[PDB]
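Can you keep this structure in mind? I'll have questions shortly.
Letters A, B, C, D and E name the chains as they come in the text, with residue numbers starting at 1 for each one.
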Amino acid sequence: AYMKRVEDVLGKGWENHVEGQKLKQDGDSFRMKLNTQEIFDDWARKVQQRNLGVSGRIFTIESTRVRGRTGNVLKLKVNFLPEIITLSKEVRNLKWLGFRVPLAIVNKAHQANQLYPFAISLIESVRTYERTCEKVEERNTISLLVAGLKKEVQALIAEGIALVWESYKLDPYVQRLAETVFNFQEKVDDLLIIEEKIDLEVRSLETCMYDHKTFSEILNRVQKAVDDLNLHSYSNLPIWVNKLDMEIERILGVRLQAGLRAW
Amino acid sequence: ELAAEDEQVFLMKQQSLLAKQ
Amino acid sequence: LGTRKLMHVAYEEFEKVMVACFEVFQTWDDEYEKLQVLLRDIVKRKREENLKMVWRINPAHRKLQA
Amino acid sequence: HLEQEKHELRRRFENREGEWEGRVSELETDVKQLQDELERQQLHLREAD
Amino acid sequence: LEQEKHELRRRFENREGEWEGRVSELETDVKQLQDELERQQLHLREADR
């Protein structure tokens, strides 16, 4: 564009000008700097050097891991990390400039496209699953009640991992998966909120000093939350209630004996 | 007196790894 | 269909009429596709002569169907 | 098994279709380049003569 | 499943036959364009001579 400006300045005399001879040099070296065939070649290169097998990695849907950290844990992983960007790369080169793009890579990208959304849903389900497990095991009481749903999620996770590449039955598993983890997540969120209301009452049992009406009110509210727990039944709800009641008895008897002495 | 149910995470995962063959 | 009194008649008889008419178009479609396949079969042995086979067909009943 | 093979045939024939679309895209660009290079060399060497 | 499988196999074979036709047409067109470029460049060389 700047060259066009100078082409307008003198027409042809700007070329062999007093300083246009140097402008021409700056432009020529800058053209050699601005080259993309090197990048196109490196792209087709790398993709044809190691992404020849990266393309159709759709079979082994699930893959266990190893993560050298404290304890050296292992996670779950689906095999679609750079491939999706390669699909976008091909579409960009084709619509953008258009080359004699390697047709084999284009058709392998096509095969990745026709199975890609499934993998997206699976990957997000896995990530949400991991996030929920983080929240769950960061707590400890919750495990008692979540136990059933957590086993449910892992039941379908086991049924999903066990199979790899089910060309016929894929979509229903994906949808089942999404709803299970979706429910699961809502249950953890729901329970978290419930528990904190419970604990504000529990931790407030030493606040309203010696008023049976208020005590009664607190308890009623707490078990309203307990019927909420009953409906969407969690796992071992009465057991956790036994725990509650024991500590409630202790806060009660403690407030009692304190007031007993004062009275 | 049931001691109904409770499970793990990492355990189930690597156990399925051994089940992957 | 001009004799069937399409817009006059009740919705039920109209429906039966329209079902049979769509069957007519349907049979036209698939049986014509069979003829397309057979014509390509002959064409593969006829390609040595010409390639002026435009294959553009606007079967008159198109806007009638729409 | 019939459903397995059926879905596999559908997906594979769609892949083959993608290959055909690729072949057509090739020839499309090839025809474009050939026609352009054709006319340019034609008319410019004719005007040179 | 069996019926629809033979139907689908047949279907994709028909569509692919049409793909072969389109590709073959463009193949011949590419051949014609290449040959026209060759003979017209030769006409330009004969004109040069």
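Throughout what follows, a contact is a pair of C-beta atoms (placed from the backbone, for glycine too) under 8 Å apart; a residue touches a chain by one contact, two chains touch by 3 or more.
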Among the remaining chains, which ones contact both chain B and chain C?
none
Count the C-beta contact pairs for A-D and for A-B, then tell me which is higher.
A-B
Distance between chain A and chain B based on Cα centroids, please, to the nearest Å.
23
Using CA atom averages as chain centres, what separation in Å is found between chain C and chain E?
28
What is the distance in Å between the mean C-alpha positions of chain D and chain E?
9
Taking each chain's centre as the mean position of its Cα atoms, how many Å separate chain A from chain E?
47
Overlap residues in chain C, where contacts from two or more other chains coincide:
none
Which residue numbers or ranges of chain E touch two or more of the other chains?
none
Specify the contact topology among the chains shown, as one of line, ring, star, complete or other.
line
Each pair of chains that touches, named by its two labels
A-B, A-D, C-E, D-E
Per the touch rule above, chain A residues touching chain D in the complex are 98, 100, 103, 106-107, 110-111, 114, 167-168
Of chain B, residues touching chain A in the complex
2, 4-7, 9-10, 12-14, 16-17, 19-20
State the interface residues of chain C toward chain E in the complex, per the touch definition above.
33, 36-37, 40, 43, 47, 51
Help me check something: in the complex, which residues belonging to chain D touch chain A?
3-4, 6-8, 11, 14-15, 18-19, 22-23, 26, 29
Note which residues of chain E are touching chain D in the complex, please.
1-2, 4-5, 8-9, 12, 15-16, 19, 22-23, 26-27, 29-30, 33-34, 36-37, 40-41, 44, 47-48
